[PDB]
Amino acid sequence: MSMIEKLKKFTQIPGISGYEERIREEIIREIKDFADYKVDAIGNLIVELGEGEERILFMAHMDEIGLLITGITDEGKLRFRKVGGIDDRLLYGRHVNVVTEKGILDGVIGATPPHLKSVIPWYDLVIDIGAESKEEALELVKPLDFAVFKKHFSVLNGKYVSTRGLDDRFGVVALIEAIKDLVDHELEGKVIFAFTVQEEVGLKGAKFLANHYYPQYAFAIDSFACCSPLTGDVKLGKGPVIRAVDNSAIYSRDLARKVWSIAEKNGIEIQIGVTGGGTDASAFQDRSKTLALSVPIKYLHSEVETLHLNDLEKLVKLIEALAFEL
Amino acid sequence: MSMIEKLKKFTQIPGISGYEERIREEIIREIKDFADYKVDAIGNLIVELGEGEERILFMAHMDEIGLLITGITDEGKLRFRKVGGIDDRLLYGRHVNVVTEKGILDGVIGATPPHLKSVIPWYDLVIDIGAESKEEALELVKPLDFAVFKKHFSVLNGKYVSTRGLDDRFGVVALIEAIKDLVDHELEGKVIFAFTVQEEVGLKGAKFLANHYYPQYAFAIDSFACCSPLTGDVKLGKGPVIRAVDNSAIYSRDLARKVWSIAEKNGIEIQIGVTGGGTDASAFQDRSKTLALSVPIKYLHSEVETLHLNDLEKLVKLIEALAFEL
Amino acid sequence: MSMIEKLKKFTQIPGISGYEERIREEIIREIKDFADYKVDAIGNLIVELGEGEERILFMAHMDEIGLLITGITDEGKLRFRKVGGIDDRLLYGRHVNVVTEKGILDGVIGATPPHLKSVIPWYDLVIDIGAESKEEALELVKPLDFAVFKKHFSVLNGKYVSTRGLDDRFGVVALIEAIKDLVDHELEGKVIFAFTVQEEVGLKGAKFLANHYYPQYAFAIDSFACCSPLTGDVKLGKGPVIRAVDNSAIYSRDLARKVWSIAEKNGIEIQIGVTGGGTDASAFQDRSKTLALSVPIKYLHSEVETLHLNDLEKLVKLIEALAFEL
Ligand SMILES: [Co+2]
Ligand SMILES: [Co+2]
Ligand SMILES: [Co+2]
Ligand SMILES: [Co+2]
Ligand SMILES: [Co+2]
Ligand SMILES: [Co+2]
């Protein structure tokens, strides 16, 4: 499986914050023959390599943003709440997959035709699943089931991938790759790989992880929103990015410098910049030197979020070198 | 060296959140002869006096609000983001010091003359450093360098001092004065003095400190914004003020009573009130009894922030008395 | 005795329109040993070179913009009026020097902290001098005293100077320089150098001068606001500018041609353009060929107004050539 193929597979699995089971399972499926692993009370998936002192923690989150079903209407439609940050403009006139205990169902968030001028807020929207009444709907879906967008998967001009969930399924893919490449090597102290839950709603998996683990270095592998005047000269295609500062943290300048040095040593093109949002790494600013490492991502938090495949390839190289040299 | 001159010394040194090096080095220079010290992995400077159980922690922060260089424009101007809370109205038509590895350079944030109505927001502003191109500017300044206002220092009518950085360099100076005066005295158990980092961006230095110290009483020494209908009868010149409640916390009422009692027994005039903001002390409200002790400061977070020298004198006396009697 | 040091010395002297004493006194000190001079009834300082017909007049103004103390509040703050054009945005949160008959006092125009959106109008502002009451304040300052901003002085990348008062203290320095460089030479007719008063409040000094002098050519040496769509391709560093049209006049075109020609004749780089504002030259449009000669200035009428040292270097050579050849 090429990288394109891995990104397609992991982005297609539905799993919002608190509902990460299907992604965890699949990570288990392809790590199990390589490494042992455990699962948290909150649902984090942790893989430890090496032995001794906890030297490095790498975190990529399994949750994507989406919709939580809050109730069913008399007309048999689904009311919902947003989970994570979503622009209301992106909810209107969209197919969704409704994920229930029994299986997965097509749903549709409607639009009103010109035949029959403002942004419709999420609380005025519902999901149509083709039920004719509340009773018919409660047979298919229950409150606290969830929904995520149906996901087109695109490759732009051979170099870019666009699809909902790159954030942070690219991070999941990257850590899996790193795990396979590293299991057979001998490593100084422990290097910990953690696939976290509930990142999109306040870094909940990460904070849980922060009791239980006390790494010298704690890294989040996550998106870097690009591009605008805030993001300086960070560009898609110019390499992985040190996320030095975001809204959640000024990260360790000591650690950024080491990463930058290790990348140059290895001939790995690398970028550094400032952006918006937070990462799991900020949950460890408490105890460890922390940093976030990313690929830059365009149109973040939409169906068309886009990354450059070369940045990702380089990110995997960088993560492995850090495991060796940091 | 008068208090005036000690205040000016420490306020003139540049160090925003995450970039506190220059302040820490100077504090060490001043405290080196008198006591041992340790530096945190996040950069807190810690000084223990005495032996036994951790009775009292005093925190004062080293970081000041300022600007983080995010990028360079095509014409060699510096783009930036704010660090800590700054009213955009205060950015327009100002001199800055841009701080880089290779040293400190002059900079200017321009203003548009009438010759050529509203507040210009931070993201539309740039710093002029006299570069003619992006290339020439990069030789001088890099992204993730920082800038801080040039600082006039004024003495109003003998008794008030006005300059940027009084918050919280007044507290830095207060604690240094307390260390010097208490080091040659037996008082047990342990009295801990911390000069914290990253207070202005969510008390990060203190939250890290909280994982390594567990004092009975945790104090922040910081500003008390004054005056308005929120701040009751607090006045500059009426003495140190107990910061009993702010936006970050309702502090320990029993701790405030003891402090009140110790002040009155030592004949120290003292005040108590409500104001806005948070302090380092709130990072300990999950484990210690907390309080913030302040001098009242007018025009907080600007180049003309003002304190009354006599309140500062008395705060120093109050802090020593607490060391002995709390 | 660098140019930069002269600019600093002359910019730092306080003197608004009508209150130019301190500046005039310092110019007198500097030329005392070189030429005779007269002071007229409004305050202009005039230096005559040569004998005969009044050929050339050069005017540069001594007054700067600033604040006039109008009264003292109950709580002992200073109310004020603006003198000359100042954007209200530049008054908020600033240090000032209050100039009294007794001496110079520190002062501050406050800013309200977030802890306790629009431009605050001048009439809603006051200066804080640390008086506790009207009584104490009136002992320190009286109505009809004045105030100017405290002035940072910056050099940008070695070639730009920035500080309040380059307008028109650069012109004052330029004319002093020329007077020293011409006194030991024989000119045709008279060349008259005048340091005017009250330029910033409607050219009152120059209007007074115009009833006592009738030059063939009348020159203002003053700033040229730059840069915008109005100013064409005028740029700092590209040499002295012929201010050919502003809001106060369409200046003498044939005089512009002559200057242009004497400039090229001397290999002196030079610019011409349109800008806003008025100059002292406009007061002579009544009776003489008039022109205004400048260096381009950025951020005019602020603390960060900026000129290029080479432009100033060349302007001085141009003035001297005009004295020889015009
Ligand atoms: Co993410
Ligand atoms: Co996200
Ligand atoms: Co503050
Ligand atoms: Co503070
Ligand atoms: Co002017
Ligand atoms: Co002028």
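Residues numbered from 1 in each chain as written, not as in the entry; some residues may be left out. Chains lettered and ligands numbered in written order. Part of a larger assembly, values for the part shown. Heavy atoms only, no water.

- X-ray crystallography is the method the PDB entry lists for this structure, together with a resolution of 2.245 Å.

Digging into the relation of the copies chain B and chain C
Both copies of the chain are related by a screw-like operation: a rotation about an axis and a shift along it.
Turning to step 1, where the next piece is worked out: Rotating chain B by 180° and translating it 0.0 Å along the rotation axis places it on chain C, where the RMSD comes to 0.2 Å. As the rotation angle and translation indicate, the two copies are arranged about a two-fold axis.
Turning to step 2, where the next piece is worked out: Comparing interface residues between copies, 98% of those in chain B also sit at the interface in chain C, which points to an isologous, same-surface contact. (Least-squares fit on C-alpha atoms. Contact = heavy atoms within 4.5 Å.)

Focus on the domain arrangement of chain A
All names here are of chain A.
Turning to step 1, where the next piece is worked out: Partitioning chain A into structural domains gives domain 1 (1-64 + 151-326) and domain 2 (65-150).
Turning to step 2, where the next piece is worked out: Taking only C-alpha atoms into account, the centre of domain 1 sits 30 Å from that of domain 2.
Turning to step 3, where the next piece is worked out: The partner domain 2 presents 18 residues to the 15 residues of domain 1 that form the contact.
Turning to step 4, where the next piece is worked out: The contact between domain 1 and domain 2 buries some 1,400 Å² in all, and 64% of this surface belongs to carbon and sulfur atoms.
Turning to step 5, where the next piece is worked out: The largest share of the area that domain 1 buries against domain 2 comes from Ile16, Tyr19 and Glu303, three residues that together contribute 38% of it.
Turning to step 6, where the next piece is worked out: Our count for the contact surface shared by domain 1 and domain 2 stands at 1 salt bridge. (Domains from an automatic or database assignment. Buried area = accessible area lost by both parts, 1.4 Å probe. Salt bridge = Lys/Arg side-chain N within 4 Å of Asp/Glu carboxyl O.)

Points about unusual backbone geometry
Among all residues except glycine, the phi angle is most often negative; among peptide bonds, the trans geometry is most common.
Turning to step 1, where the next piece is worked out: Cis peptide bonds are those with omega within 30 degrees of zero, and the linkage from A:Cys226 to A:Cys227 qualifies with 0°.
Turning to step 2, where the next piece is worked out: For A:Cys227, the location among the structural elements is in the loop between β13 (224-225) and β14 (241-245).
Turning to step 3, where the next piece is worked out: In this model, B:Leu144 sits at a positive phi of 85°, which is unusual for a non-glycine residue.
Turning to step 4, where the next piece is worked out: Following the sequence through the fold, B:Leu144 ends up in the loop between α3 (134-140) and β8 (146-149).
Turning to step 5, where the next piece is worked out: One non-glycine residue, B:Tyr299, lies in positive phi territory at about 60°.
Turning to step 6, where the next piece is worked out: You can see B:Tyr299 is positioned in the loop between β15 (289-297) and β16 (306-308). (Helix = DSSP H or I, 4+ residues; strand = E, 2+ residues; numbered from the N terminus.)

A word on the packing of aromatic side chains
Turning to step 1, where the next piece is worked out: Summed over the entire model, instances satisfying the criterion amount to 12 aromatic pairs over all chains.
Turning to step 2, where the next piece is worked out: Ring centres of A:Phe58 and A:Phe193 lie 5.7 Å apart, and the angle between their planes is 20°; this geometry places the pair in the stacked category. Judged on exposure class, the residue A:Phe58 and its partner A:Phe193 are both buried.
Turning to step 3, where the next piece is worked out: Summarising the aromatic geometry, the rings of C:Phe58 and C:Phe219 are spaced 5.3 Å apart at their centres and angled 25° between planes, so their arrangement reads as stacked.
Turning to step 4, where the next piece is worked out: We classify C:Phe219 as buried; its relative accessible area is 0%.
Turning to step 5, where the next piece is worked out: What links up through ring pairs into an aromatic cluster is the set A:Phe58, A:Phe193 and A:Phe219. (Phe/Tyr/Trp six-rings, centres within 6.5 Å; stacked < 30°, edge-to-face > 60°. Buried < 20%, exposed > 50% of the residue type's maximum accessible area, 1.4 Å probe, protein only.)

Structural notes on the interface of chain B and chain A
Turning to step 1, where the next piece is worked out: Each side of the interface is counted separately: chain B has 21 residues, and chain A has 20 residues.
Turning to step 2, where the next piece is worked out: Each partner contributes to the roughly 1,700 Å² buried at the junction of chain B and chain A, and carbon and sulfur atoms together form 53% of this total.
Turning to step 3, where the next piece is worked out: Sorting the residues of chain B by area buried against chain A places B:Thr70, B:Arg81 and B:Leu144 first, and these three jointly supply 27% of that buried surface.
Turning to step 4, where the next piece is worked out: For the interface between chain B and chain A, the tally reads 3 salt bridges.
Turning to step 5, where the next piece is worked out: Close ionic contact of A:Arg253 with B:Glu21 constitutes a salt bridge, the shortest N to O distance being 2.7 Å.
Turning to step 6, where the next piece is worked out: The tally of links between chain B and chain A comes to 6 residue pairs in polar contact.
Turning to step 7, where the next piece is worked out: Within the residue set of the side of chain B that touches chain A, elements represented by two or more residues are β4 (66-72), β5 (78-83) and α5 (204-209) of chain B.
Turning to step 8, where the next piece is worked out: Residues belonging to the side of chain B that touches chain A are distributed by class as follows: 7 nonpolar, 7 polar and 7 charged. (Polar contact = N/O pair within 3.5 Å; in protein donor to acceptor, adjacent residues only side chain to side chain. Nonpolar A, V, L, I, M, F, W, Y, C, P; charged D, E, K, R; others polar.)

Considering the interface of chain B and chain C
Turning to step 1, where the next piece is worked out: Across the contact, 55 residues belong to chain B and 55 residues belong to chain C.
Turning to step 2, where the next piece is worked out: Of the roughly 4,500 Å² buried where chain B meets chain C, counting both sides, 57% is carbon and sulfur surface.
Turning to step 3, where the next piece is worked out: Looking only at chain B, the three residues that lose the most surface to chain C are B:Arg89, B:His115 and B:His152, adding up to 16% of its buried area.
Turning to step 4, where the next piece is worked out: Across the contact surface, chain B and chain C share 2 salt bridges.

Thoughts on the pattern of salt bridges
Residue and element names in this part refer to chain A.
Turning to step 1, where the next piece is worked out: Inspection of every chain in the model, using the stated rule, returns 63 salt bridges over all chains.
Turning to step 2, where the next piece is worked out: Taking the shortest distance from any N to any O, the salt bridge between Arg29 and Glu26 comes out at 3.0 Å. Taken as a pair, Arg29 and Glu26 lie in helix α2 (residues 21-31) at a separation of 3 residues, close to a single helical turn.
Turning to step 3, where the next piece is worked out: Of the charged contacts, one joins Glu303 and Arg94 as a salt bridge, the two residues approaching to 3.2 Å between their closest N and O atoms.
Turning to step 4, where the next piece is worked out: Since its relative accessible area comes to 22%, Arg94 is described here as partly exposed.
Turning to step 5, where the next piece is worked out: Sharing partners across several salt bridges, the network here consists of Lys9, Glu26, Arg29, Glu30 and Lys180.

Some points on the sheet that holds strand β7 (residues 104-109) of chain C
Residue and element names in this part refer to chain C.
Turning to step 1, where the next piece is worked out: An order of β5-β4-β8-β6-β7 is seen for the 5 strands of this open sheet, with the pairing classed as antiparallel. Single-partner strands in this sheet number two, and they are β5 (78-83) and β7. Across the sheet, the mean angle separating the axes of adjacent strands is 35° when strand polarity is ignored.
Turning to step 2, where the next piece is worked out: Judged from the 6 bridges that link them, strand β4 (residues 66-72) and β5 form a sheet pairing that is antiparallel. Looking across to β5, one finds that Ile72 is bridged to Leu78. (Pairing = 2+ DSSP bridges. Axes fitted to C-alpha atoms, helices over the stretch in contact; angles between N-to-C directions.)

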